[PDB]
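Heads up, the chain below is alone and in the form deposited in one PDB entry; it's given as structure tokens.
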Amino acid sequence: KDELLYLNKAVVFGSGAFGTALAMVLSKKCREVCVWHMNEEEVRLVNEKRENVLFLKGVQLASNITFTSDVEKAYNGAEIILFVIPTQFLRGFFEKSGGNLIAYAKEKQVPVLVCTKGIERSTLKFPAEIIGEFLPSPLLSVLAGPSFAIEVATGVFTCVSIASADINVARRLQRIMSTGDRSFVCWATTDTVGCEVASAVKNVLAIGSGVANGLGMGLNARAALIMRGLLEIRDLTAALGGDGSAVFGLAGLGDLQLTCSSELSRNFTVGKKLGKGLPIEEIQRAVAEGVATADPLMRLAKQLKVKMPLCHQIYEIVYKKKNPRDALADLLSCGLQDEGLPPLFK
């Protein structure tokens, strides 16, 4: 079925730039959209100003979007649930405030869409995996793709992928998330692991992209970093049991090339400053997602025995004071090799 689905209510848990942008997307497909945000005082400000002045400045919220600090009112009556709570707070949220939410989702069979990106430090688990400890996995999908929040929020043409182990679940979500003006287009896939890996690793590679710029390198270098870094996303995906079909799609290469070309982003400027020779302590006086991800990414790579050359060198630069030029020369000391891509056709 290529016919779109419209709903009475959607709830978005998480009030960041991306969460708000998706609320904008859902406001064209659901009569009512609640965005949950824990601080009551800030919720009131946002509803009065008709604008997420904290994380999406300069964008007018649709009149059918309401911010709320009350979990129970947020999800009550919802026909789709989105999670964009940052990784570190996910488990705590379900433990402290998810009891009724979980019961409701279980009972009503409400589709859940995971948009959180990262790796949990204590378990080295990805967001949809964490959420799957609480909500039955058949209800779980992942959304990932090249999607700057501001472009998504103002309706500028965007393609994403929706991943689900059962393709038919992804296909239902496709009908819900895709807009009537074709401004937001969704492609179905099975590769939830690939999506989640790409989403986490892209942020670490975007620091490297910054390093390259601060070292004096140009766009050829950035293009090579993307291509070689994609192979590390692939190998980690394999080791984690993923089928890998998202790696070379919108969730993998698509989001990765966009994130690494984002010159004004926090990951990039942190990487640029490191490339220019500044120590991380001086840069740290919000944290860049790549900085946070690099340590548990390394720990996970080591546990699975997956070599991630670029990501490892980025970890060394960020966490272990390594000179970026020594890291570059270490990277380039492997000698001449084959590209390392299998043939597609026999």
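In this text, the rigid core denotes the largest set of C-alpha atoms whose superposition between the two forms falls within 1.5 Å. Residue indices: 1-based, along the sequence shown.
Not pictured, yet referred to below: the form deposited in another entry.
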Taking the rigid core as reference, which of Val59, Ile280, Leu54, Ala62 is displaced at the C-alpha by at least 2 Å between the shown form and the other one?
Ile280
Can a Cα shift of no less than 2 Å be assigned to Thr179 between the shown form and the other one, given superposition on the rigid core?
no
With both forms fit on the core, has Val33 moved 2 Å or more by CA between the shown form and the other one?
no
Core-superposed C-alpha of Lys321 shifting 2 Å or more between the shown form and the other one:
yes
